[PDB]
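Student: Here it is: the structure, laid out below.
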Amino acid sequence: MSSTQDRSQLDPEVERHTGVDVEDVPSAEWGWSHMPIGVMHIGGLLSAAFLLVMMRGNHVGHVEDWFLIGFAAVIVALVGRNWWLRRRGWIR
Amino acid sequence: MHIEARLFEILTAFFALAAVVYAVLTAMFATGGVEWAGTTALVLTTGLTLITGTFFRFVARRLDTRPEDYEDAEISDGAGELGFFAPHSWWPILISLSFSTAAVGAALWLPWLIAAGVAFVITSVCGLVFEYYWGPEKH
Amino acid sequence: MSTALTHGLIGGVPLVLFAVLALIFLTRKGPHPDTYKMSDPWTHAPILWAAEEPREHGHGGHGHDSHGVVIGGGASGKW
Amino acid sequence: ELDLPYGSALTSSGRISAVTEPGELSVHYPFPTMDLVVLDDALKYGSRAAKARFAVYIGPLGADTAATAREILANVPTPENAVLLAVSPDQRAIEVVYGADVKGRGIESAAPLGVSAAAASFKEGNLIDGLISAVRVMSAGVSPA
Amino acid sequence: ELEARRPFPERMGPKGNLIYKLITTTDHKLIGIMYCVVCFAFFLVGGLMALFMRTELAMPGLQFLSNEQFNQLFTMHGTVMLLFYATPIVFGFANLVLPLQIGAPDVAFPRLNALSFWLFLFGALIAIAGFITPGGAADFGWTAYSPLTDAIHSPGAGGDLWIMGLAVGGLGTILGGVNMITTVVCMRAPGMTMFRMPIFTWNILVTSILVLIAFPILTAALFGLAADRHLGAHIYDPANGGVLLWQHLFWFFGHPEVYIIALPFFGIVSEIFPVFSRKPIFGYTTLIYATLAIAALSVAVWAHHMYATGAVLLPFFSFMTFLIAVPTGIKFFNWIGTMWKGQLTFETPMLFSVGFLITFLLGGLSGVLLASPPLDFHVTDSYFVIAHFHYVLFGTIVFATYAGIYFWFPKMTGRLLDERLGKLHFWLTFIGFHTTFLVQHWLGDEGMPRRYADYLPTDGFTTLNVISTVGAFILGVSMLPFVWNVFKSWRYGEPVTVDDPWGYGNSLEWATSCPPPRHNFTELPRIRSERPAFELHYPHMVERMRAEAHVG
Amino acid sequence: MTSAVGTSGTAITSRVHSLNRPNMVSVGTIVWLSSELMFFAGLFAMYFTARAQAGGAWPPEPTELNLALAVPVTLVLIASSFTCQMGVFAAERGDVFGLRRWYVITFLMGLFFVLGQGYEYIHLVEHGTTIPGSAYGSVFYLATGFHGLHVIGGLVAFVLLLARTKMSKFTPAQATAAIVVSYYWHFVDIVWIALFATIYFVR
Amino acid sequence: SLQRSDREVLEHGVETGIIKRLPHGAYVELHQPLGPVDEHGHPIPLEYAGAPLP
Ligand code: HEA
Ligand code: HEA
Ligand SMILES: CCCCCCCC/C=C\CCCCCCCC(=O)OC[C@H](COP(=O)(O)OCCN)OC(=O)CCCCCCCCCCCCCCC
Ligand SMILES: CCCCCCCC/C=C\CCCCCCCC(=O)OC[C@H](COP(=O)(O)OCCN)OC(=O)CCCCCCCCCCCCCCC
């Protein structure tokens with residue numbers, strides 16, 4: 001009971017018509033709520049590329065290169081799964 | 001609440017019997033007399049069940065038959081305002097993290113980390129305990 | 001004893017058995033009904049599917065009432 | 001009044017507690033789960049832009065298909081802003097029904113488009129793909145309120 | 001006359017609907033699901049360690065594992081699979097179904113049970129963190145005997161991390177046991193008298209009593225060991241009774257620990273059998289009495305693991321071991337009677353239940369052979385014991401846990417697991433398990449004890465070790481079908497829109513919507529027997545339920 | 001918002017109507033105390049097995065137990081137990097103030113017990129006996145110091161519950177919290193009675 | 001997820017102790033609405049206004 005409902009009038013400014021929708025992000029119109037999927041996929045691929053090229057260096061062991069290969073592989077697998085699902089329409 | 005108490009009474013009886021027989025058969029017929037490890041463990045698990053069963057028996061004597069203890073009890077008999085059941089709370093995970101910090105400080109002998117973990121544990125237990133009592137901020 | 005032989009055994013016998021059992025089981029008709037052929041008559045009971053897409057304002061059924069179907073158009077087709 | 005033929009009992013409140021034998025399923029819909037999921041996507045987020053509850057009725061709608069389509073639309077939770085596509089493959093008959101809320105939003109023009117897409121798909125020999133195509137076409141036709 | 005339902009339910013759910021709940025969730029069902037998922041992840045980790053050990057053991061030489069690496073492997077594998085997969089997943093199943101089975105809205109102390117889950121998870125993480133240390137995890141076996149565990153022997157930080165991680169996990173388990181005893185004692189349906197609640201809740205209550213009896217001893221022993229390591233506290237100095245002190249304390253813990261690992265899944269199987277047999281659990285009162293006797297005797301026969309120490313009252317513990325073997329036989333015959341003369345349908349849950357019966361029977365034969373000190377002397381601390389306890393465990397917490405998952409997955413998901421995948425998974429698991437662990441009886445009978453990284457080519461047990469490796473990799477592949485089934489059936493998979501996806505259910509968790517409502521119930525039936533849901537769904541049967549009951 | 005959806009006078013009430021049904025907080029704390037009894041059982045087993053293995057003089061020559069500082073601390077712990085019980089007696093009523101007074105004096109006496117135990121530890125270590133020093137020293141220090149950690153946890157519970165009583169209206173839920181804290185303190189003093197009898201009297 | 005927590009608080013209201021309904025065994029959280037209550041028990045859902053919710 002000890003509270004009063006708030007009325008917030010904030011200036012809005014893209015119009016949010018395209019991108020994310022309030023059903024997915026309930027505060028879509030209250031601030032930045034959408035990162036394009038393309039930038040996320042490109043960043044994941046670049047992270048995998050960095051991990052792979054990081055095998056290039058002044059280290060004699062190979063456990064390190066194996067961990068780098070595994071992490072790059074899992075990153076690329078996640079990116080591929082997301083991209084394939086979105087291409088097919090989030091199926092399987 | 002007779003059955004609950006009676007269960008622990010039966011467990012107490014068995015554990016007392018086991019402790020007594022182990023002590024008697026280990027004080028004699030053993031290479032070093034009473035083991036003092038199994039015997040004490042049996043005695044104090046008898047005490048465990050004794051504490052629980054004594055509390056349950058006191059409660060059962062003090063308590064009139066609940067529907068939960070009553071056969072032929074209709075569901076509507078148990079209807080009513082059940083007590084408070086702590087809703088969503090993030091203090092348990094913080095308590096766990098603080099205890100993990102203290103635990104690593106114990107394992108890795110880092111007295112500073114042990115002290116920090118103890119402080120975190122106290123703070124998080126305070127948060128958990130006071131979560132549903134912290135009055136509104138008065139400004 | 002014959003490192004190559006037993007390594008191949010431990011690597012293959014699991015895989016071979018897995019493939020055999022997958023053929024045995026995964027190649028069996030499932031409990032899901034077979035797809036309804038267009039030629040065959042519609043035997044299933046009437047189906048109505050809805051989106052649950054738009055917000056319903058209140059959740060509680062009470063106070064929703066039955067104002068009207070208020071039909072706003074129509075269309076038809078014969079395949 | 002009668003519960004399911006076996007193993008379903010009316011509980012204290014309105015809700016019915018039903019059961020099935022261990023082997024069989026419950027939904028029993030005669031379509032692959034993948035195509036049911038695709039149609040669900042078409043109805044759920046393939047329609048959010050429409051902001052009009054989209055419904056599909058595969059059952060048989062006999063007699064005057066229009067009136068029974070109206071009656072079926074009455075079964076939709078929000079028939080006023082709702083677009084229902086009811087197809088009877090026994091009668092080879094499609095119908096589409098809307099309410100007073102979806103008026104002037106492009107629903108009328110998308111009516112023949114959705115019906116034509118469904119009919120083309122059905123004659124090509126696939127009910128579900130026709131349903132999904134009609135839902136997509138009508139949803140894209142209806143601008144949000 | 002027809003309802004507007006969706007073509008297919010939500011698969012994944014709207015974005016960001018789970019993370020904050022997992023962090024903050026107080027509901028017992030979601031916490032039980034997290035228990036199941038995390039415990040299965042730890043099972044995968046421990047099984048990977050097992051496959052490493054087995055690949056090394058297929059060869060007389062040290063192909064890729066150093067002696068201490070292999071020792072850390074079996075140590076952390078045993079500890080992960082006992083204290084970090086099984087003792088948590090018993091409480092995972094508890095949180096999952098026990099509040100439902102007694103007609104309760106939630107657990108007694110929901111914040112306490114969430115704390116128990118998190119304490120467990122982070123204790124497991126810190127215990128596993130021994131591997132990342134340069135020295136590695138704990139070298140000393142799961143048992144962690146005294147003089148080998150002091151600072152002088154095994155001075156590594158992995159040992160200390162193991163000690164404290166087991167301590168934290170034990171605190172979590174103690175909190176869970178307190179919570180479950182309080183829930184069963186206090187929270188219970190208006191008609192659910194103590195003697196008509198399901199066998200699973202009886203088993204969980206007795207298991208929690210055993211948890212409180214045992215785990216505090218583990219905490220005391222581990223804290224004493226930590227004091228010995230970090231302070232030179234002479235607690236377990238062999239010149240004191242230190243070695244036998246630790247033996248007695250740790251086994252007084254662990255033996256009740258194996259029985260808390262077993263009893264909950266005995267309860268799961270006791271729930272499985274009646275529903276797929278279409279008849280009541282045979283000798284319900286007999287099952288509860290057998291569970292009570294099992295716990296009572298387990299608390300006091302701890303020292304049959306110390307037959308070869310030459311320092312225990314062997315006749316006393318052998319007699320108690322036989323006395324506790326008898327109640328397990330009573331329970332086994334109750335299960336068989338429950339299966340007896342019913343319209344048996346072998347879906348994946350009861351396939352796993354029957355597999356439990358088959359494997360656990362041989363495990364118990366091995367146990368009764370081991371109970372005799374004269375026999376244990378030869379077969380002690382050997383691969384015969386490995387085969388014994390792997391049969392009993394893998395039967396009681398892998399086959400039984402798989403049965404429980406395949407049983408309550410619909411009641412916790414609203415979706416049915418694929419049955420054909422269940423068939424494939426069960427048969428792969430059965431074949432692989434029997435191939436990997438059957439030969440180990442002969443392997444350990446002929447001289448080859450446990451905890452050997454390698455063995456001489458001139459020695460025997462080489463073909464049998466590679467047979468065991470074929471079996472272990474059969475199990476490894478067998479795990480893939482189940483993981484795929486769960487992953488593709490949580491979000492996809494045959495929706496179940498009604499209670500009792502496994503018809504002819506009972507035990508009152510099938511009186512509520514198949515995805516149980518928050519607070520588990522919108523309606524409670526007339527609780528009048530041990531099978532409220534069976535009576536509700538089949539009212540006509542109620543009279544029969546009372547007519548033939550006494551005939552036996 | 002008109003009056004309330006749940007007609008409860010406090011955001012938190014007793015987890016059960018204790019008049020007719022068991023109070024889950026009390027049951028849970030009793031169960032947990034019974035488990036901590038087994039923890040102290042492990043400690044006692046350590047001490048006793050060490051006792052069996054001494055050459056007839058269980059307190060080594062360097063160690064000599066000081067009853068002068070040992071009897072007063074056990075007496076003060078018994079007094080703190082009694083004052084905690086009167087604090088409970090106040091708690092069952094609406095008198096949050098009496099509960100606070102009794103629990104404050106109980107906290108002061110428990111703190112005095114802790115300081116006395118620390119002083120006795122300082123005297124003991126200064127006169128030889130020490131955890132790395134000897135088996136008796138180590139078992140004695142382990143047992144008594146784990147009990148001291150339990151006492152310090154009880155002091156933490158006392159202060160936390162007094163703060164909780166400050167921050168909200170005294171309700172049957174806070175009365176239950178006070179009762180369970182009293183149960184814990186009674187368990188602590190009982191295990192101390194046992195530890196003092198075994199360490200100092202029985203020896 | 002925090003946004004969804006706020007939205008569900010607005011839709012349903014704060015949470016409290018549990019009650020077993022009289023006729024049947026229904027368990028309900030006994031929420032507490034923050035705004036006007038509909039003719040029946042459930043309240044009109046409040047619209048998020050960018051401020052913290054209780
Ligand atoms: C779930 C786990 C679990 C379960 C249920 C059991 C159950 C039993 N265990 Fe188990 N045991 C372990 C886990 C388990 N154990 C582990 C993990 C070890 C590790 C040791 C180590 O590494 O240190 C171990 C070790 C272990 C040993 C030590 C061997 C050695 O190290 O030398 C012994 C006996 O010596 C034993 C005996 C028993 C007995 C008699 C039972 C019985 O309770 C159950 C089986 C017996 C039955 C009798 C059931 C069948 C009954 C019938 C068919 C009825 C009719 C038959 C007759 C009347 C004979 N166990
Ligand atoms: C629950 C308990 C449990 C379970 C299930 C198992 C399962 C298995 N155990 Fe067991 N084991 C013990 C408990 C258990 N064990 C104990 C307590 C000891 C004694 C410890 C000691 O003495 O210290 C022991 C000891 C032990 C030894 C003795 C080692 C030695 O002393 O030298 C061996 C040897 O092969 C072994 C093998 C196996 C195998 C092959 C399995 C198989 O059933 C395992 C199946 C494995 C899988 C299904 C993994 C496949 C999964 C993947 C490939 C995916 C991996 C992915 C990720 C990790 C992300 N175990
Ligand atoms: C599932 C896989 C399971 C695989 C399990 C296999 C583990 C076996 C590893 C070690 C066993 C003990 C041996 C210890 C000795 C090391 C072996 C060796 O001797 O090989 C030569 C170099 C040193 O040679 P050098 O003197 O420095 O000079 C050389 C001159 N040019 O080490 C190496 O190659 C290191 C190779 C070791 C294998 C890789 C292990 C890391 C794999 C990580 C996977 C994680 C994936 C992450 C996913 C996100
Ligand atoms: C787990 C803890 C770690 C492992 C378990 C330890 C349990 C111990 C419990 C209580 C004992 C405390 C009493 C302390 C006072 C006893 C007096 C004594 O022991 O003698 C002085 C010696 C020097 O002896 P000296 O070199 O020979 O020099 C002779 C000078 N002439 O100090 C010492 O080592 C004693 C210091 C011990 C400090 C322990 C701190 C405990 C707090 C831990 C917090 C919780 C962690 C959570 C983990 C999950």
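How things are named: the first chain in the structure tokens is A, the next is B, and so on; residues count from 1 in each chain; ligands count from 1 in the order shown.
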Within 7 Å of ligand 4, counting only C-alpha atoms and all ligand atoms: which residues, as a VMD selection string?

Tutor: (chain B and resid 99 102 to 103 106 114 118) or (chain E and resid 164 167 to 168 223 to 224 226 to 227 230 to 231) or (chain F and resid 121 to 122 125 to 126 128 130 to 133 141 to 142 145 to 146 149)

Student: For N, CA and C atoms, I'd like the residues from the last selection saved as a JSON list (two decimals), in the first residue's frame.

Tutor:
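Output below, filename selection_14.json:
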```json
[["chain", "number", "residue", "atom", "x", "y", "z"],
["B", 99, "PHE", "N", 30.78, -18.74, 1.65],
["B", 99, "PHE", "CA", 31.31, -19.94, 2.29],
["B", 99, "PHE", "C", 32.34, -20.62, 1.42],
["B", 102, "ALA", "N", 35.53, -18.69, 2.00],
["B", 102, "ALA", "CA", 36.13, -19.12, 3.26],
["B", 102, "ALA", "C", 36.72, -20.52, 3.13],
["B", 103, "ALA", "N", 36.08, -21.39, 2.36],
["B", 103, "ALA", "CA", 36.55, -22.76, 2.22],
["B", 103, "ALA", "C", 37.86, -22.82, 1.45],
["B", 106, "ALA", "N", 40.53, -21.68, 3.65],
["B", 106, "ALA", "CA", 40.94, -22.74, 4.56],
["B", 106, "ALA", "C", 41.85, -23.75, 3.85],
["B", 114, "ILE", "N", 40.56, -16.37, 4.47],
["B", 114, "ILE", "CA", 39.64, -16.93, 5.46],
["B", 114, "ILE", "C", 38.87, -15.81, 6.15],
["B", 118, "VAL", "N", 34.88, -15.19, 5.97],
["B", 118, "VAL", "CA", 34.05, -15.13, 7.17],
["B", 118, "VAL", "C", 33.23, -13.85, 7.19],
["E", 164, "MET", "N", 38.26, -29.30, 1.65],
["E", 164, "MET", "CA", 37.31, -28.22, 1.88],
["E", 164, "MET", "C", 36.11, -28.30, 0.94],
["E", 167, "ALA", "N", 33.89, -30.74, 2.43],
["E", 167, "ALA", "CA", 33.25, -30.13, 3.60],
["E", 167, "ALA", "C", 32.07, -29.26, 3.19],
["E", 168, "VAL", "N", 32.25, -28.44, 2.16],
["E", 168, "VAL", "CA", 31.18, -27.56, 1.70],
["E", 168, "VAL", "C", 30.02, -28.38, 1.14],
["E", 223, "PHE", "N", 37.56, -31.64, 8.92],
["E", 223, "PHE", "CA", 38.13, -30.50, 9.63],
["E", 223, "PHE", "C", 39.32, -30.93, 10.48],
["E", 224, "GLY", "N", 39.25, -32.09, 11.11],
["E", 224, "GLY", "CA", 40.40, -32.61, 11.82],
["E", 224, "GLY", "C", 41.58, -32.84, 10.90],
["E", 226, "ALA", "N", 42.11, -31.29, 8.05],
["E", 226, "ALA", "CA", 42.60, -29.98, 7.62],
["E", 226, "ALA", "C", 43.45, -29.35, 8.71],
["E", 227, "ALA", "N", 43.05, -29.50, 9.97],
["E", 227, "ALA", "CA", 43.89, -29.04, 11.07],
["E", 227, "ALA", "C", 45.22, -29.79, 11.09],
["E", 230, "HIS", "N", 47.31, -28.30, 8.03],
["E", 230, "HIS", "CA", 47.67, -26.89, 8.07],
["E", 230, "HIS", "C", 48.21, -26.44, 9.42],
["E", 231, "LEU", "N", 48.23, -27.32, 10.42],
["E", 231, "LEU", "CA", 48.73, -26.97, 11.74],
["E", 231, "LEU", "C", 49.59, -28.05, 12.36],
["F", 121, "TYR", "N", 43.36, -20.42, 26.82],
["F", 121, "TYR", "CA", 44.19, -20.88, 25.71],
["F", 121, "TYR", "C", 45.55, -20.20, 25.72],
["F", 122, "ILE", "N", 45.56, -18.89, 25.98],
["F", 122, "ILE", "CA", 46.82, -18.16, 26.04],
["F", 122, "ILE", "C", 47.69, -18.70, 27.16],
["F", 125, "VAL", "N", 49.01, -22.29, 26.03],
["F", 125, "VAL", "CA", 50.07, -22.24, 25.03],
["F", 125, "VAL", "C", 51.34, -21.66, 25.64],
["F", 126, "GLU", "N", 51.21, -20.61, 26.45],
["F", 126, "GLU", "CA", 52.39, -20.02, 27.07],
["F", 126, "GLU", "C", 53.09, -21.05, 27.96],
["F", 128, "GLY", "N", 53.53, -24.28, 27.41],
["F", 128, "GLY", "CA", 53.86, -25.50, 26.69],
["F", 128, "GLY", "C", 52.82, -26.02, 25.71],
["F", 130, "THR", "N", 50.30, -27.13, 23.03],
["F", 130, "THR", "CA", 50.09, -26.44, 21.77],
["F", 130, "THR", "C", 49.67, -27.47, 20.72],
["F", 131, "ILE", "N", 48.87, -27.02, 19.75],
["F", 131, "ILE", "CA", 48.32, -27.95, 18.76],
["F", 131, "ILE", "C", 49.42, -28.70, 18.02],
["F", 132, "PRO", "N", 50.40, -28.04, 17.39],
["F", 132, "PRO", "CA", 51.55, -28.79, 16.85],
["F", 132, "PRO", "C", 52.41, -29.43, 17.91],
["F", 133, "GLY", "N", 52.30, -29.01, 19.17],
["F", 133, "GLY", "CA", 53.14, -29.52, 20.23],
["F", 133, "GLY", "C", 52.91, -30.97, 20.60],
["F", 141, "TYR", "N", 42.57, -28.71, 22.04],
["F", 141, "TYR", "CA", 42.35, -27.43, 21.37],
["F", 141, "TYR", "C", 41.33, -27.57, 20.26],
["F", 142, "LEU", "N", 41.38, -28.66, 19.50],
["F", 142, "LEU", "CA", 40.42, -28.85, 18.42],
["F", 142, "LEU", "C", 39.00, -28.91, 18.98],
["F", 145, "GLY", "N", 38.02, -25.53, 20.74],
["F", 145, "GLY", "CA", 37.96, -24.43, 19.80],
["F", 145, "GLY", "C", 36.85, -24.56, 18.79],
["F", 146, "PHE", "N", 36.49, -25.79, 18.41],
["F", 146, "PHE", "CA", 35.29, -25.95, 17.59],
["F", 146, "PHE", "C", 34.04, -25.62, 18.39],
["F", 149, "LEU", "N", 33.97, -21.90, 18.35],
["F", 149, "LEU", "CA", 33.41, -21.41, 17.10],
["F", 149, "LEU", "C", 31.89, -21.53, 17.12]]
```

Student: Using only C-alpha atoms, I'd like every residue of chain C that has an atom within 10 Å of chain A; please write them out as a PyMOL selection string.

Tutor: chain C and resi 53-55

Student: Please save N, CA, C and O atoms of the selected residues as a CSV table (one decimal), in the first residue's frame.

Tutor:
```csv
chain,number,residue,atom,x,y,z
C,53,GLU,N,-0.9,-14.9,-29.0
C,53,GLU,CA,0.0,-13.8,-29.4
C,53,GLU,C,-0.2,-12.5,-28.7
C,53,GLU,O,0.7,-12.0,-28.0
C,54,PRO,N,-1.4,-11.9,-28.8
C,54,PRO,CA,-1.6,-10.6,-28.2
C,54,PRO,C,-2.0,-10.6,-26.8
C,54,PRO,O,-2.5,-11.6,-26.2
C,55,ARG,N,-1.6,-9.6,-26.0
C,55,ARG,CA,-1.8,-9.5,-24.6
C,55,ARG,C,-3.3,-9.6,-24.3
C,55,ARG,O,-4.0,-9.0,-25.2
```

Student: For stretch 179-186 of chain F, work out the shell of residues within 12 Å, counting only C-alpha atoms and skipping chain neighbours fewer than 6 positions away, then give it as an NGL selection string.

Tutor: (:B and (51 or 55)) or (:F and (23-37 or 77-93 or 99 or 102-103 or 106-107 or 109-110 or 147-148 or 150-162 or 172-173 or 192-193))

Student: Write the selection just made, keeping C-alpha atoms, as a short mmCIF file (atom, residue, chain, number, x, y, z; two decimals), in the first residue's frame?

Tutor:
```cif
data_model
loop_
_atom_site.label_atom_id
_atom_site.label_comp_id
_atom_site.auth_asym_id
_atom_site.auth_seq_id
_atom_site.Cartn_x
_atom_site.Cartn_y
_atom_site.Cartn_z
CA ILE B 51 17.10 -35.28 20.64
CA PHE B 55 11.32 -33.10 20.58
CA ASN F 23 6.50 -24.98 14.14
CA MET F 24 8.75 -25.83 11.20
CA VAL F 25 11.52 -23.48 12.33
CA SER F 26 11.73 -25.24 15.69
CA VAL F 27 11.65 -28.69 14.08
CA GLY F 28 14.34 -27.78 11.56
CA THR F 29 16.64 -26.21 14.14
CA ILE F 30 16.21 -29.25 16.40
CA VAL F 31 17.12 -31.58 13.53
CA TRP F 32 20.17 -29.50 12.64
CA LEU F 33 21.25 -29.42 16.28
CA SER F 34 20.98 -33.20 16.41
CA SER F 35 23.32 -33.31 13.40
CA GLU F 36 25.81 -30.89 14.98
CA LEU F 37 25.75 -33.31 17.90
CA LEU F 77 27.65 -20.64 30.21
CA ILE F 78 25.03 -22.30 32.43
CA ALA F 79 23.93 -18.84 33.58
CA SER F 80 23.74 -17.70 29.96
CA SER F 81 21.57 -20.73 29.21
CA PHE F 82 19.23 -19.77 32.05
CA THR F 83 19.03 -16.15 30.88
CA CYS F 84 18.36 -17.36 27.34
CA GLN F 85 15.49 -19.43 28.69
CA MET F 86 14.03 -16.38 30.43
CA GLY F 87 14.53 -14.49 27.17
CA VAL F 88 12.42 -17.19 25.55
CA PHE F 89 9.82 -16.82 28.30
CA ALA F 90 9.65 -13.13 27.39
CA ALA F 91 9.57 -13.98 23.67
CA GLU F 92 6.45 -16.16 23.88
CA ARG F 93 4.67 -13.01 25.07
CA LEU F 99 13.47 -10.72 25.15
CA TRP F 102 17.58 -11.22 28.42
CA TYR F 103 19.29 -12.01 25.13
CA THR F 106 23.03 -13.82 27.51
CA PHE F 107 25.20 -12.42 24.72
CA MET F 109 27.86 -13.83 29.29
CA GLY F 110 28.60 -15.85 26.15
CA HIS F 147 32.92 -25.54 20.51
CA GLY F 148 34.18 -21.97 20.77
CA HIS F 150 29.92 -22.75 17.82
CA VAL F 151 29.62 -20.30 20.72
CA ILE F 152 30.76 -17.45 18.48
CA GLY F 153 28.15 -18.49 15.93
CA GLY F 154 25.58 -18.39 18.70
CA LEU F 155 26.73 -14.88 19.58
CA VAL F 156 26.34 -13.96 15.90
CA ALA F 157 22.82 -15.38 15.99
CA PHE F 158 22.04 -13.38 19.13
CA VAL F 159 23.21 -10.10 17.62
CA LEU F 160 21.48 -10.79 14.29
CA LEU F 161 18.19 -11.59 16.01
CA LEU F 162 18.40 -8.51 18.22
CA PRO F 172 5.19 -14.70 16.27
CA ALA F 173 7.78 -15.30 13.54
CA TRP F 192 30.06 -27.65 26.72
CA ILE F 193 28.86 -29.48 29.82
#
```

Student: Could you write out as number ranges by chain the residues of chain F within 6 Å of chain G, counting only C-alpha atoms?

Tutor: F: 1, 5-6

Student: Applying 10 Å and only C-alpha atoms, which residues near residue F:137 remain after dropping the ones on its own chain fewer than 6 positions away? List them as a ChimeraX atom specification.

Tutor: /E:233-235 /F:47,59-60,62-63,124-125,128-131

Student: Could you save those same residues with C-alpha atoms as a JSON list (two decimals), in the first residue's frame?

Tutor:
```json
[["chain", "number", "residue", "atom", "x", "y", "z"],
["E", 233, "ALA", "CA", 47.74, -31.03, 14.80],
["E", 234, "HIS", "CA", 48.70, -34.69, 15.51],
["E", 235, "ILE", "CA", 45.00, -35.57, 15.22],
["F", 47, "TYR", "CA", 39.76, -36.92, 21.72],
["F", 59, "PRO", "CA", 47.46, -34.66, 30.29],
["F", 60, "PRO", "CA", 51.18, -34.58, 29.38],
["F", 62, "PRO", "CA", 53.85, -29.69, 30.12],
["F", 63, "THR", "CA", 50.05, -29.39, 30.18],
["F", 124, "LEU", "CA", 47.99, -23.07, 28.10],
["F", 125, "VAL", "CA", 50.07, -22.24, 25.03],
["F", 128, "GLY", "CA", 53.86, -25.50, 26.69],
["F", 129, "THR", "CA", 50.76, -27.28, 25.40],
["F", 130, "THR", "CA", 50.09, -26.44, 21.77],
["F", 131, "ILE", "CA", 48.32, -27.95, 18.76]]
```

Student: May I have the residues within 12 Å of stretch 437-448 of chain E as JSON, numbers by chain, using only C-alpha atoms and disregarding those fewer than 4 positions away in the same chain?

Tutor: {"E": [54, 57, 60, 359, 362, 363, 365, 366, 367, 369, 370, 375, 376, 377, 378, 379, 380, 381, 382, 383, 384, 385, 386, 387, 388, 389, 390, 391, 392, 393, 394, 395, 429, 430, 431, 432, 433, 452, 453, 454, 455, 456, 459, 460, 461, 462, 463, 464, 465, 466, 467, 468, 469, 470, 471, 472, 474, 475]}
